[PDB]
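Have a look at the structure below, then the notes.
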Amino acid sequence: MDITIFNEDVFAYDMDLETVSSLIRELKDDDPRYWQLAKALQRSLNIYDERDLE
Amino acid sequence: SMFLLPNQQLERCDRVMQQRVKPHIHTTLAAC
Amino acid sequence: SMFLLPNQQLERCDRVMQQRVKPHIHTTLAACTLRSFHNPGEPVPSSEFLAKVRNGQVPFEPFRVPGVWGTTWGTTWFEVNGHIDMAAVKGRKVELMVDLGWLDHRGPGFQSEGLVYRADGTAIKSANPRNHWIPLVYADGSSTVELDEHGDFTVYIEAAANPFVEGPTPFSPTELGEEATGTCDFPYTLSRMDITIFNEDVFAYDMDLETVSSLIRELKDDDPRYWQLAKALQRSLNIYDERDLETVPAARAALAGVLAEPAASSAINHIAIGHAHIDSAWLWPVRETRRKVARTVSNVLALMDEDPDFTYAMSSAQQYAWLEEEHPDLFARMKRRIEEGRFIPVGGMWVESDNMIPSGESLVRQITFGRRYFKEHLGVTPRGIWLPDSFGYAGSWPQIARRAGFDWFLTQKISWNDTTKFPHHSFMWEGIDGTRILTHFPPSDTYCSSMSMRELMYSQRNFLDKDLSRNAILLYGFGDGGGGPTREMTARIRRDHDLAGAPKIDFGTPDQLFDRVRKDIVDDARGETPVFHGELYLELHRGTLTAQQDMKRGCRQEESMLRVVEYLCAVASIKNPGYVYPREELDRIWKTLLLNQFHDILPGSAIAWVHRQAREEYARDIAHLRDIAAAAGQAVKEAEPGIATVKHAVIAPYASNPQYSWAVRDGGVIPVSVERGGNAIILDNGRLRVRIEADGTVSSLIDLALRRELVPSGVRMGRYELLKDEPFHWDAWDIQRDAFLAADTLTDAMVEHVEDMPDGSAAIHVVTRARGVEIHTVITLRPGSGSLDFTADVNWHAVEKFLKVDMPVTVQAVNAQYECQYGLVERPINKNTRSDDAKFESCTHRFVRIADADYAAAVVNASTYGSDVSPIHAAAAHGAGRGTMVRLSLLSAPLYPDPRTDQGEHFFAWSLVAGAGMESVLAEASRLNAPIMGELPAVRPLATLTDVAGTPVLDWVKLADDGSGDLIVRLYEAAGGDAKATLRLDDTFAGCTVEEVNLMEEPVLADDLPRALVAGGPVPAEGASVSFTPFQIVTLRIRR
Amino acid sequence: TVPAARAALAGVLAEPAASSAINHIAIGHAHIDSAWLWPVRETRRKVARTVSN
Amino acid sequence: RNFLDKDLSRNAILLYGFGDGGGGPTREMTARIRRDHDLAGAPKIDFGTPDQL
Amino acid sequence: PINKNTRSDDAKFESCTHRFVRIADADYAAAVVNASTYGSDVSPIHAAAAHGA
Amino acid sequence: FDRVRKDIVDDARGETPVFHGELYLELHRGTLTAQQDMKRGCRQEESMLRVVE
Ligand SMILES: [Zn+2]
Ligand SMILES: [Zn+2]
C-alpha cells in the first residue's frame, strides 16, 4: 500500500496489445486479418523494451 | 528471414503482459 | 420415465468422487504424538543420526498437531508415537496417512518430502505429495514396525524442506537456489496425521467409477458403447449411499456388467513399465538426489511388497552406487527383488548424459563404466540404451551402441519438436556408417504419465506406425525428479486388461516388447522395414549449446587433460617396472567428470549450487591431473638418464606430418610484413593478404597462393552482434525466432598498436564497447601458415542478450559439413521448407567446414559449441556480394534458473583456415585444442601410421582396465572416404600380437560389423595393415 | 491367381466385431406402389416380375 | 449412428432390396449380408423375421 | 538424397537424369553414363552378408 | 508483378521469401521413360545440330 504515479502511454500500449492478442486468438486460420494481426504483433513486440520506456 | 508462427507469438505476447508491461503502469514514490 | 443426459451424468459422477466416495476410503481411529528436532544446515547421514537417537544424545521438543515447521533447504526429524491396538483390526490393513502439508497446484515432487525410518535404522517408505500412506500393520497379521507390550510404537520421519524455485509468475527470477539461508521464506504448515484403517471395497468402487467416467468422456456420441456406459453409470450412481456403506456390493455388481466385455481384436497391445526419472541435478544439489533416489527406491519396494505382477526400471548406475554406499539394506532388498525379475535394471550408461555436446570418448567411457558396474556388482547385463530425456542425438550413436553389445534403442524427447512431426515411432535408425539399430518411441510422448485413459487412447491415436506394428510401450509413474508408481495406476492397469473401447495393456519387460517389435517389423515385413538415416535432431531449446560457457570450456580442457595424462601414464607403465598405474585417482577423476556431464548440467540449467560445484570440481580435477602428469613425466625420466627436455610440451593427437602425429614437439624464414596505408592495416605472410579496416574488422583475406578473395564485399569480418533474446517458455533452454530480426551490430571500436611478436608473429589488438560489454580482441597472423587466429576476452555484464561473431566466406555451396562425435554430418545452408527452417542453430565440434568441388574454408573452434550458417546476397555489382556467413555464438544471458549468469571474464579463441583440406583442418584443430604443459621428458611416439591412404587418425591410447598391462588403441575415420594404413610400434613392442576388440574391450565381435583386420586371429604387430570403411571405429589390443 | 489373393485379403475378414454393436435384422422387401406413374394394368406385371425374381 | 435409442435397445431392423415400384433382392446384397455376419468395425447383421425382432 | 527419410523425401523416388549419374564420397566417385534414357532411381542396399560385405 | 515486387522486396527489408534449388513436381514421374524413341531421336538431332552448326 503505497503512493504511486500513473503512466498513460504504457497503459494504452498494454490495452492495444491485449486487444490485438485477443482478436488473434478467436479468428480462423483462413483469414488474412489473422495473419496481418499476427505479423503486426510480432513487429510491435520486437521494438518495446522494458529497460528504457521511451 | 524466418517463418512466422502465430501460435508462438500469442504465447510470447501473453508472457509479455504477464511479466513485462503490467508492472510498468504504476510507479511507486513513497509509503504511507 | 425421463430422458438421459450423459453430459449431466458425467458432472454428477465427478461431484460424487469429489465429495462423497473419496473421504470414505480411510477411516481414522486415533491420533499420534509428534516431536521435532530441526537443522538448517548440511544434512547429517541418516545412519549416524538414528544410532545417536538409539543411544540418546539429542533432545526433542513438543510439537502441536497444527503449526509450521519448514526452513529453506533445511531438514527436520519428527519422532512419532502411536497407540494402535490389536484384537480389533484383524484382517484389515492399517496405514499412517502422513501429511506434511503439500500445496495443490504446484507439482508432485518439487516440495518438502521425507522418509519414515524405523527405530533400528531401516527405511519403510516415503511421504510424497501424491503418495502419503505408510504401511504399518498389514491385513494378514504381518507388521512392518515392531509392536510393544501394550500396543504402541515409534517412527522417525526425516522431513526435508525443499522450496519451490519458481516464483509468482512463470519463469521469474528468484534468489532461492543460492545458499542455505536460515530464514523463513517458504515455511510448510503441518496438517492431519492420524492412524487410519483401509477400506478395500470402497476403493475398488471408486476406481471402477473413475474408469467408467474417464472412458465416457473421450468417446464419441455415435457409439453405442458411450450410451451403454452412461446408462450403467446412471444406474450405479442411484444405488450407492454414503449414509450406509453396506450398499457398495450392490452397486459394484451393477457397474461391472459393462466392465467385462472383451475389446475389439484390432487395438494396440500396450506394455506398461513403471519408471520414475530422477534427475541427478536440476534445481537441487548433488546432495539431494541421493535422498530423492532413496525415497524412490523405498516407495517402489514398499509398493511391490504387497502387489504381485509389477515391474519397474531404473537407469543411471550412479544412483545404484549411491544407494549401495549409503543404504545397505535397500540395496540388498533391491538385489533380492532383481533375482525374481521385476526390478529390471535397464540402460548400460553410467548416467543419463547429454548427446550433442559431450565428446565420443566420454560416451564410450560412460558405456564401459556402466556395463562393468552392472556386470560385477549386480550380475546383470543390459541389452539396450535407456535415455528418455535428452536434447538431440548424434549420428554416431547407432555404431557405438551396436559395437558395445546393445541391440535396441529407446528415446522420447524427439516428439517435443516445434514445427515437424517424426515420421515413425518404431523403425531402424541407421548410423552414419552403415549401422542399423532398432529404435522405438513411446506414443504417449511422456515418461511421467498418470495412466489416465485420455493418455491411454492418445498413445493409440498418435501412433504413426499403426499398420505393421500393433505394439507400443507406455511408461507410468510420477517422475521428472521424484515419485514412482502408486496404487492408482497399478489398479488402472489391472482394470484395463481387456476393456472394450480402450487399447489392451498388460505388464511386461522392455526386452519382451523389443522382441515383439523385431518380430513385427523386421522378420515379418520382408522389405517394408522403416529406416531413418542421419541424426535425430530435436527442434526445441537450441539455446543450451551456448549457455554457461564455462562448463563446456572446462569440459573440453579436462577431456584433453585426460587424453594426455592417460598417454603419459601408459608410457610410464610400459617404460620402467615398479611404476604403479594410478588407477584409483584416474577413476576418481572419472565418475565425476562424467557425472558433471549430465543432461541437465552440461548444457546448463540449474540453480547456482550446481554450476558452482561443477566449476570447483573442474578446477580441482585440472590441478590434480596436471600434478599426476608431472609425476608421471618425472617417473619416465628415471628409466634412463639424459634423454631430452622439451619446453611447454605440446602434445597433439594429429599433425600435418604423418610421422609427427603423436610427437613431443615444443609449444614455442619469412617474417610477416605490415604495410600501413590509408585507413586500413595490410598484412603479408607470403600466403595470405589480410586488410584490417579502421575498427577491428577484416574486409579482405586474399589468398595469394590462388588469387582468391574469400571475403564478400557486403559485410566485414569480425563484427560483433548483440541480439536481444527474451524467451517466454524455458528461458535458459530455448531461444526463439525473435532473434536474427532485432539484431544490433556493434559499431563502437578502435584498433590498437600493431605488435610484431619476438618470435616473428604479427598481432593486432582492438577494443569493442557496448552498453555493458567490453571485448579485447587480438588478431594473429602466424608466419609460414595459412590460418588467421582470433582471440577475445569478454567482460559480459548485460542481462537478456546474446553475443555472436560472424565469419563470412565467399565459397558457395548447398550443404555445410559439421562433425559428429566420430564422423561428419551434412546440414542445409539455404533453408527451403518449414522443417528446414527449424534447424537454424546446431551444435558444432571444434570446426565448421564449407566446401565445394575443389576449394574449402574452415572455421576451427576452441571452446564454443554453437553456430549458424546463412546465405548472403547483398546489394553489389558484378556479383561481388554473394556468399555464405558462419556466425559463431559466443554466449547468452539466461535469467530464470540463475539470477546472475556468466558474470566476469570469459576467454574465446578460434581461427579461419583457407584451402581447407581435411588433414590440414584436423591438424590445425588438434593444435588449437591441445594442452600446454610444462617440462616433461621427450619420448618417441608409441604407435605411428606410416602408409596412410586416406584420412586415418589416432584417437585414443591407453592401458587395459583389467590390470593385464595390455595396450589399447582406438582409431576412427574423419573424412568419409575409405582408408588403408599400416601401424608401427617402437622397440619394446616386438614379437607382439594385435587383436580387434569391441568397445567393451572384451574379445568378442559381431558378424554384421565390417571389421578392420584381415583374418581375426592374432596378427604380429609389425607392419600390421588396417582397413577403414567410411567413418569406421576400430579398437585394437596389443599384448606384451 | 485369384485363390492366392483371396486368402491374403481374408486375414482381416474373420476378426469378430466388438461386443457393443447393434444386432441388425435384415429383411428382403420390395415396395411395389399400386399406381404412381403407371396404370392399374401395369402393377400386376410389376408384382409378377417381383415375385418371379 | 442415427439410432437415438442406443442405450436400451441394441436391436434394429433393416429392409434391403430395390423398391419404390419394382425390384427385389439381388445376389449382391445377399452376399454382403453373409460377408458381414460378424465383421469387425461394422454392426452385426443376420437374417431373420419381423416377429423375432 | 539417396536414403529417403521423411514423407516428402519419399515422393522423389524417380527423377530425370542427363547422360550420367555420379555417386561420390570424399575421394572416390563412380558414374553411370547414359546414352538415350532419361530416368533412373537410387536406393541404398543393406543385404544379408558378413563382415559388412 | 510490380505490386508483388513492391510488397515482398522493397517493403519487407529482410523478410523476402527465398526458395533455393529446383522445382520438382511430385506427380506423374513416368513421363521421363515413356515413348523412348522420341527422346532418343531428340538427343540424336541435338548432337546433329551441334556438329552441323
Ligand atoms: Zn531429466
Ligand atoms: Zn409408395
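Quick check: the distance between the Cα centres of the stretch C:560-630 and the stretch C:847-899, to the nearest angstrom? Here the answer is 32 Å between Cα centres. Loop-located trypsin sites (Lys or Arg not before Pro) across the stretch C:73-112 with a Cβ neighbour count of 12 or fewer within 10 Å are C:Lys90, C:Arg106, with loop assigned by DSSP. Normalised radius of gyration (Cα atoms, divided by 2.2 N^0.38 Å) for the stretch C:923-1024: 1.20. Taken over the alpha carbons of the stretch C:424-566 as equal point scatterers, the Debye sum produces base-10 log I(q)/I(0) values at 0.08, 0.16, 0.21 Å⁻¹ of -0.35, -1.00, -1.29. For C:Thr411, the residues 5 or more places off, or on other chains, whose built amide H falls under 5 Å of its own are C:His440.
Using 0.36 nm times the number of residues separating C:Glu200 and C:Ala119, minus their current alpha carbon distance, what extension gain do you get? Provide the component values of the computation, followed by the final result.
Values: separation 81, 0.36 × 81 = 29.16 nm, distance 2.96 nm.
Gain on extension, C:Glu200 to C:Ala119, equals 26.2 nm.
Here the translational diffusion coefficient of the stretch C:1-156 follows from Stokes-Einstein with Rh set to the Kirkwood radius across Cα pairs; for 4 °C and 1.567 mPa s it amounts to 70 µm²/s. Helix content alone sets the calculated 222 nm mean residue ellipticity of the protein assembly as shown: runs of n ≥ 4 DSSP H residues at -39500 (n - 2.57) each, divided across all residues, give -7500 deg cm²/dmol. Listed values for the stretch C:276-287 are Karplus-derived 3J(HN,Hα) couplings in whole Hz (6.51 cos²θ - 1.76 cosθ + 1.60, θ = phi - 60°), namely 9, 6, 7, 6, 5, 7, 9, 5, 10, x, 5, 8, and x replaces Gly and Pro. How large is log10 I(q)/I(0) at q = 0.13, 0.17, 0.23, 0.26 Å⁻¹ when the Debye formula is applied to the Cα atoms of the stretch C:1-85, each weighted equally and without solvent? Taken in order of the listed q values, log10 I(q)/I(0) reads -0.68, -0.88, -1.17, -1.28.
Amide H contacts of F:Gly39 (H built 1.01 Å from N, in plane; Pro and chain starts excluded): F:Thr17 sit under 5 Å, all sequence-distant by 5 or more or on other chains.
Summing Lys and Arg as +1 and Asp and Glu as -1 over all other residues whose Cβ lies under 14 Å from the Cβ of C:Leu103 gives a net charge of -2.
A simple spin-label model places the labels of F:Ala31 and C:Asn55 8.8 nm from each other, with each point 7 Å out along Cα-to-Cβ. Of the chymotrypsin sites (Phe, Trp or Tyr not before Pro) found in chain F, those in coil by DSSP whose Cβ has at most 14 other Cβ atoms within 10 Å are F:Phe13, F:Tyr28.
Taking only the C-alpha atoms of the protein assembly as shown, Rg followed by Dmax gives 36.5, 132 Å.
Taking the Cβ of C:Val848 as the center, what net charge do the other residues with Cβ under 11 Å away carry, scoring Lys and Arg +1 and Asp and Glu -1? Could you put the intermediate results ahead of the total?
Details: positive: C:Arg827, C:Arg846, C:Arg849, C:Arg887; negative: C:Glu819, C:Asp868.
Within the 11 Å Cβ shell, the charges total +2.
What does the charge count around C:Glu242 come to, taking other residues whose C-beta lies under 13 Å from its C-beta (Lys +1, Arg +1, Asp -1, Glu -1)?
On the way: positive: C:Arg15, C:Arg20, C:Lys22, C:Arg243; negative: C:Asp206, C:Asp241, C:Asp244, C:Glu246.
The answer is 0.
Each part gets one Cα centre, and for the stretch C:901-951 versus chain A those centres are 52 Å apart.
Using every alpha carbon pair in the stretch C:203-259, what percent of pairs falls into each 5 Å bin from 0 up to the bin containing the largest distance? Bins of 5 Å from zero give 4, 20, 32, 23, 12, 6, 3, 1 percent of pairs.
Throughout, read-outs are computed from the coordinates displayed, never taken from laboratory work. Positions of Cβ are backbone-derived with ideal geometry, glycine not excepted, and every protein chain shown enters the neighbour counts.
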